[PDB]
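All Cβ positions, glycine included, derive from the backbone under ideal geometry; neighbour counts span all protein chains shown. Here, each number is a calculation from the coordinates, and none is a lab measurement.
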Amino acid sequence: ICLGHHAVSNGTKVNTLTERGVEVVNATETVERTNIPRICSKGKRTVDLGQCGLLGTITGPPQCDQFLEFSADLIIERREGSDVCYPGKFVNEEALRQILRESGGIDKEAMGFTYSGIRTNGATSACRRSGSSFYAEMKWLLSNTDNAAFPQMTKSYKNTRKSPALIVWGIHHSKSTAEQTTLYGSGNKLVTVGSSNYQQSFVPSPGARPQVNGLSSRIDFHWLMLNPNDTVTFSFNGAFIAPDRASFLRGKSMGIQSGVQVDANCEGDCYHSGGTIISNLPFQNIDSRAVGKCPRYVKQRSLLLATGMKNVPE
Amino acid sequence: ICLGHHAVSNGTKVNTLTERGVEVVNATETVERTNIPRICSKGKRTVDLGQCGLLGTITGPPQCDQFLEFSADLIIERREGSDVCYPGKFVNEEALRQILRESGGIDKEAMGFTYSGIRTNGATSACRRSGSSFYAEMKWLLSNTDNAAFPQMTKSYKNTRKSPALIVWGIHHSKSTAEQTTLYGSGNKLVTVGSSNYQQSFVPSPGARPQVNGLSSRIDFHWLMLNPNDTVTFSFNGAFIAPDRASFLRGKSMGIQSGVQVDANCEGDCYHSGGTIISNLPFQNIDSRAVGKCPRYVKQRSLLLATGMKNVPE
Amino acid sequence: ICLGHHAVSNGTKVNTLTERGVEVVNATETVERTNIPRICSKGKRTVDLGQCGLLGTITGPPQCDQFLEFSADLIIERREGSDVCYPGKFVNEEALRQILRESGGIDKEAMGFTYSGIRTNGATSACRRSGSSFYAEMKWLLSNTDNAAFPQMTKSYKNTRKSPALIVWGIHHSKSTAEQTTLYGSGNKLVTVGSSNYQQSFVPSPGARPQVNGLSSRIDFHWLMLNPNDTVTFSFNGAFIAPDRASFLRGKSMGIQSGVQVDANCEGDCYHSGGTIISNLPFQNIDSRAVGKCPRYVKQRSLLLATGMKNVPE
Amino acid sequence: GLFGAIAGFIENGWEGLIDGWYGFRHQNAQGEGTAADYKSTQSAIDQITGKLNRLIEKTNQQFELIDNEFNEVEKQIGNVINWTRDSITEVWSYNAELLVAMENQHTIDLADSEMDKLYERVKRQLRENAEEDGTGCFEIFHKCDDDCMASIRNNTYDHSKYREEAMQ
Amino acid sequence: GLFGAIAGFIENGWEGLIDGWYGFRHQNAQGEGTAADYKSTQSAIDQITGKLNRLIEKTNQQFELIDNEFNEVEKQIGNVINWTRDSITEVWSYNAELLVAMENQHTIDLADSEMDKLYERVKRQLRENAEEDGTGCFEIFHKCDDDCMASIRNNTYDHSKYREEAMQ
Amino acid sequence: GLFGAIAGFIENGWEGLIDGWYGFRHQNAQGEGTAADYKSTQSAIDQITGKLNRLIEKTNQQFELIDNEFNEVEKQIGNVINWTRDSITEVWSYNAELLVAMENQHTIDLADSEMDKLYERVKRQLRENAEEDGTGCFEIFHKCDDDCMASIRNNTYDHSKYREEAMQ
Ligand SMILES: CO[C@]1(C(=O)O)C[C@H](O)[C@@H](NC(C)=O)[C@H]([C@H](O)[C@H](O)CO)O1
Ligand SMILES: CO[C@]1(C(=O)O)C[C@H](O)[C@@H](NC(C)=O)[C@H]([C@H](O)[C@H](O)CO)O1
Ligand SMILES: CO[C@]1(C(=O)O)C[C@H](O)[C@@H](NC(C)=O)[C@H]([C@H](O)[C@H](O)CO)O1
Ligand SMILES: *[C@@H]1O[C@H](CO)[C@@H](O)[C@H](O)[C@H]1NC(C)=O
Ligand SMILES: *[C@@H]1O[C@H](CO)[C@@H](O)[C@H](O)[C@H]1NC(C)=O
Ligand SMILES: *[C@@H]1O[C@H](CO)[C@@H](O)[C@H](O)[C@H]1NC(C)=O
Ligand SMILES: *[C@@H]1O[C@H](CO)[C@@H](O)[C@H](O)[C@H]1NC(C)=O
Ligand SMILES: *[C@@H]1O[C@H](CO)[C@@H](O)[C@H](O)[C@H]1NC(C)=O
Ligand SMILES: *[C@@H]1O[C@H](CO)[C@@H](O)[C@H](O)[C@H]1NC(C)=O
Ligand SMILES: *[C@@H]1O[C@H](CO)[C@@H](O)[C@H](O)[C@H]1NC(C)=O
Ligand SMILES: *[C@@H]1O[C@H](CO)[C@@H](O)[C@H](O)[C@H]1NC(C)=O
Ligand SMILES: *[C@@H]1O[C@H](CO)[C@@H](O)[C@H](O)[C@H]1NC(C)=O
């Protein structure tokens, strides 16, 4: 009588501490390479921003009218998204995006600013809603008539709620100094913003910029988070895009940037721009910037783990 | 005659590469969970800043009068600490805190600025020392009489010492343009600061801010490090809070933020806000932001290391 | 007949999981400590910037005239390098250095700005080329005659090439307001720069700074990257150092900071300021900030790996 | 392997052994028959399966985006972010490589061990009633039919009952 | 374990063995007595103790605060800082888990090894004067009193002195 | 080591063994001679060499500068950069220490294993024609000249040819 062990005709080569390409009876892959080219969103309230840029949901250009108070567990940004209609840009834009991606959505509330002695219906053909309109959550404050002086004014808002208020305002830079005097009256213009933890001043800078959407002017969007029971005060004499509503964060969510369709029939927790990584393997070689609950990215395309004894064929 | 091994009635379960919950005769914990709810400071010159904010030790609001030239190996910030008396804020505040936490303390030296033709004793009821006072290390420069013009002036200081000088100055933003003209005379005001490696300009922005300590004005504190043999030059025509003394770093220390008492009877090197981690274990599950010389934070609450053979009871 | 194993008179001590200082017949070092005090550059187009600062290659102070369109795989910065001739500084300087270190070099191209009604030959004795000169890639725009008004002007440039254009401009801060009016005419001066993804305004701040190279004035260099088919527009009325040429990145390279000579007879891929690390070992204890393709830095000076059996002498 | 059975004094495996990892191949007077040993096979698979259960687990740490694929973040902070991510990748690629290398060594060695354990168990069952070849086979001097061989495999072999004959 | 003694052909441990890790349980004519073997016990403890000395060491790297619990630092730099810290935590949690798992496997296997080393040592001392049961016991055919058993434990057993009788 | 040969029942190594890692030392009637065994030696060196080939490899990841030795970068971003680098250094110093410690344990244990494999191989070649000392030597009762010893070393020893005499 003889003792022995099994073997196979064609084994699988693996690596060990002492040897490369040792044949074992069986092995299994530890590095995931197969991608699902969809955003697997089964079970998750998903918001596909499409042409709405994430920051636009706070200010409300036309393409974001449908997203002014969205609620979501998963937020998808698209390459065609735009935050603006009137050309312009947010200061510290990426910080605000990271805040909104994990917000779970936003809840808007009127801040209660009232005006007298000025026009409040500033509009543009770049923010079209069946004609010239503006950002739905803002008000373009101008003088009552051309070149009239914009009165020095102070507007304050107290966050009476229990979570921080996202406050956004804008600085308008007209294409020329001559244009700035028409809209707000002549001279230097200044807007100061202060809270219990914030202080910053702003002066508009009229001048030519390349034409974007027909305009060589721009609007700068600025923001701060106002703590419960804290107050924000705006002191301005022109060139100020005032906030009409504040935003409040709903809860928790995650945001991704993708170029692929939504699939409510697959479920996943690890996303990248090319789709979803669905895997029980501890490592992946698909995308080093994947986000969610992911296998650890590794540079190797394959790492075979032995699941059987050494293969010794006859 | 028979060979055998020992066993116990009740063993301890551990994990291995191939099996979970194998019973071994004995095991020991590798992850530390027990915290000492005090700042164990035996043997270490400790400074508990209390109501003094760390940045206040450079400018000297009243609550920091006792800390103007502190010396320490361990610095404790408290939640009730304030850097200011007159409302205001430092620019790049966290960078300066990290510098001062490891400074070992500060040594002050007069910078030697003299004035003529202005008042130099600007004071406030917010910085109370038996009445209106100001930051002990600064001087509030104003015009001689109300609305008189503040003369354009230049003040320079050379660091004649062998380590960098911490230079701090302030920009005063009065609550209104009318208030700014009273204190410093009318028109735009500008302060330029330049050294061999620094250049920045500042213009004050008067305006209403919410009332903090009764004031809607604010003071901005700015700072730079002046290298040995280098010179700093201040050019200003108003709204300038001038430095009276420079600060020099004493050596090395560490800074923590805590809400617990000091204990000169326990000795430790790993601190978090809840106390001290005193452990010989290589890992901890107490606070991922602990600082000092610490066991590595891990997400597991327990990792049992076998110290005996497999337990095979009868 | 007896079975046995070899041994040696003097073995080498190593460490194991269970014991420190076990003697084995042979061992080998895993941590590299030997440095080559030269920049081993065999086979690599190398540019030693010497007294030219890396950022100077874009603006062209005299010490960089030889580097205006360099091409390289390896870029060496030296401690004596200077980016400037007229005292001044770049904003976001380190970001631009990191861009240029990996650029593979730069290719300059005229941007095509033409002027009328102003002088264009602003010069200084600080940028000496057989007398007063200026940055070779810039033009110091001034009024035609002393104190004449500098006309509001707009200059635009479209990147017609297929890779981003590095655009650099400057803001001149004269030593006094009186000096600023002579060069550019009186009043506040402003330069606005806008593209499809950029917008920033600048106002000069005249004032005394310590004298560097005889001057208490300074020039601020600013930059942006202009995408293909995008346009940059400069709107200014004085105190503006205009760009004459744009820079384009050649390819890929790596940049180091060294204080040692170049050696075209040794070949290496891991550099630090003290030389080259040439090693097959997986770890190094030489410099934690070494760059290139490097062994992993470790805190240990030595880690002996056993290459033979346990040494049991007689 | 460390135990010098598999790929050691046992020259090869049995490609006809399709019903177990280890087994017995006997010949007596009725011919040859081959059967697999369940206990040794199940021990190795249980240990290999335990390894598998450990590595295919959930890491419930969520990581969120810190840069931007559509609108690149500022260069310096972007270079710090890329540098950090590349450093972590360096660490996890090493850990993955080392883990698999180490575990494969241990898996091969453990399978080698299970064979030696089976071999040594049988030799003492047969005690002095046999002497071993040197190739993994036991020269049995008493010689018994298929039920007795069946008794070696399921450990019901009584060495004494055959004791006198085998020494003889 | 890899050596198939502990939890292997040795059926159990001795809860009455309170004076050592390994030992001998003999019966002859005077009854039974049990004593522990010092050398094997001390070898295992010394190896386990060495493991302990390695893991409870000082890491003299000081880390300082880079964010703020009372006044939150800027969001973006704070997100980079939280992301980096969470990545390092991921790495150290894995390393701790793997280290303990690996070391526990090796500790169990080393204790198994020390038993086999003790067993094999004794069998050759007794040489041909005995044949082994199969359960960790040595059937001694010569039979000696307690001083002779004492001679097996402290390796003063002379196989020759009893040689003729035992084979007989 | 785990296999209790090297530094175990084999009392020492041979400083005169300059031609191999393992070997035979025989005495018969012609005197003593010593020769090395190639196969066992080459197995251990091949395994140790494989370890060496793994650790001296290329990591083709390029890292670029993210701070400045001549003009210090901003303090806060510099503190984040120093903190991250010090954390990675903590990780790689641990990994290097653990890797070498683990591999040295395995190297010593593998060399121990190769000795036991050589020892056990020879014992079964000699089968019942010899009984082992207990120190790594085989008391050969038949006794043969140098060519026969040469036959043990290169595995051409026929136990049967000497079978009757050795038992006798
Ligand atoms: C240039 O045409 C318009 C526009 O549609 O943008 C006409 C708008 O009614 C006008 N709106 C206001 C409030 O002034 C707008 C404006 O003059 C510019 O956008 C200012 O830069 O221009
Ligand atoms: C408003 O009352 C006071 C104050 O106590 O703060 C009176 C101070 O004497 C006065 N000091 C000076 C130097 O002007 C101070 C000041 O008017 C405001 O703080 C300016 O904003 O006000
Ligand atoms: C102070 O002397 C000079 C110089 O050489 O720098 C003379 C230069 O010709 C002059 N150039 C111009 C274009 O004005 C220069 C200038 O006045 C200052 O540098 C302005 O700060 O000064
Ligand atoms: C080989 O291993 C994999 C993973 O353990 C398993 O799914 C597969 O069924 C195995 N194949 C065989 C033939 O055992
Ligand atoms: C805010 O003030 C109200 C009283 O008006 C109080 O009930 C509430 O607790 C306060 N909230 C906070 C966060 O201080
Ligand atoms: C079990 O192990 C711990 C740590 O090694 C030790 O302190 C304790 O005394 C041990 N207990 C026994 C009964 O050996
Ligand atoms: C500063 O200058 C003095 C001469 O006044 C000199 O002694 C000293 O070494 C200098 N220090 C430095 C840091 O250059
Ligand atoms: C010892 O090991 C090193 C590295 O493996 C090798 O270069 C050296 O030649 C060895 N020495 C001997 C005597 O084998
Ligand atoms: C730029 O526009 C030209 C047409 O003038 C076109 O050929 C080219 O593809 C465009 N490049 C990009 C990057 O859009
Ligand atoms: C970060 O990494 C990506 C590649 O993964 C690269 O394209 C991008 O440019 C990097 N960020 C910066 C600022 O270079
Ligand atoms: C960093 O982590 C803490 C929790 O440990 C969190 O509360 C804080 O918000 C984080 N920082 C930022 C900017 O989110
Ligand atoms: C980063 O590290 C170096 C030492 O390696 C130190 O000198 C430098 O100051 C550090 N950076 C900052 C901003 O402290």
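A few remarks follow.
- Förster radius 25 Å - calculated FRET efficiency between A:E179 and A:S125 (Cβ-Cβ, nearest 0.05): 0.95
- Amide H contacts under 5 Å for A:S82, placed H, 5+ residues apart: A:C52, A:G53
- Within-15-Å neighbourhood charge of A:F113 [Cβ basis; K, R +1; D, E -1]: +3
- In chain B, the calculated helix contribution to ellipticity at 222 nm averages -1500 deg cm²/dmol per residue, counting -39,500 (n - 2.57) for every DSSP H run with n ≥ 4.
- Residues A:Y135, A:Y86, E:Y119, arranged from fewest to most other Cβ atoms within 10 angstrom of their Cβ, appear as E:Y119, A:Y86, A:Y135.
- Shortest first, B:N227 label-point distances to identical copies amount to 3.9, 3.9 nm, with the label point at 7 Å from Cα along Cα→Cβ.
- Average beta carbon contacts from partner chains per residue of F:3-9, 10 Å cutoff: 6
- Cα centroid separation, the stretch B:68-132 to the stretch D:36-100 (Å): 48
- Within the stretch C:9-73, GluC sites (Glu not before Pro) in DSSP loop having at most 16 other beta-carbon neighbours inside 10 Å: C:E69
- Taking D:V91, A:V25, E:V73 and counting other C-beta atoms within 10 Å, the order from fewest to most: E:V73, A:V25, D:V91
- Relative to the longest principal axis of the Cα atoms of chain D, helix D:38-55 runs at roughly 10 degrees.
- Counting DSSP beta bridges with both ends in the protein assembly as shown, the antiparallel % (nearest 5): 75
- For the stretch A:163-212: rounded, prolate or oblate by the Cα gyration tensor [a/c cutoff 1.5]: prolate
- For D:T135, B:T18, the sequence from fewest to most other C-beta atoms within 10 Å is D:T135, B:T18.
- Antiparallel DSSP beta bridges within chain B, as percent of all bridges there, nearest 5: 75
- Residues with amide H under 5 Å from that of A:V262, placed H, sequence gap 5 or more: A:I39
- Counting Cβ atoms of other protein chains within 10 Å of each Cβ in B:283-290 and taking the mean gives 3.
- Nearest-first distances (nm) between copies at A:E314, label 7 Å from Cα via Cβ: 4.9, 4.9
- A label point on C:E267, set 7 Å along the Cα-to-Cβ line, lies at 5.6, 5.6 nm from each of its counterparts in the other copies, closest listed first.
- Charge sum, other residues only, whose C-beta stays under 15 Å from C:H173's C-beta, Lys/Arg counted +1 and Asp/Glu -1: +3
- Taking a ≥ b ≥ c as the square roots of the eigenvalues of the Cα gyration tensor, chain E is prolate, since a/c reaches 1.5 or more and a/b is larger than b/c.
- Overall form of the stretch A:45-260 per C-alpha gyration tensor (a/c, 1.5; a/b vs b/c): oblate
- In summary, the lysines within cross-link reach of A:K44, defined as a Cα separation below 19 angstrom excluding same-chain residues under 8 places away, comprise A:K252, A:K293.
- Average beta-carbon neighbours from other chains, 10 Å sphere, peptide D:49-58: 6
- Unsatisfied cross-links (Cα-Cα over 30 Å) in the set D:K123/E:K143; E:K51/F:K39; C:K42/F:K58; A:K155/E:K75; C:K89/E:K75: E:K51/F:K39
- Sequence-ordered 3J(HN,Hα) estimates for the stretch E:150-156 from the Karplus curve with 6.51, -1.76 and 1.60 and θ = phi - 60° stand at 4, 5, 4, 5, 9, 6, 10 Hz, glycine and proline given as x.
- Phi angles across the stretch B:204-220 convert, under the Karplus curve 6.51 cos²θ - 1.76 cosθ + 1.60 with θ = phi - 60°, into 3J(HN,Hα) values of x, 10, x, x, 7, 10, x, 6, 10, 6, x, 10, 9, 8, 8, 10, 8 Hz, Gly and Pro given as x.
- Couplings 3J(HN,Hα) of the stretch B:156-164, computed from phi: 10, 9, 9, 7, 8, 9, 9, 10, x Hz, in residue order, whole Hz [Karplus 6.51 cos²θ - 1.76 cosθ + 1.60, θ = phi - 60°; x for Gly and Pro].
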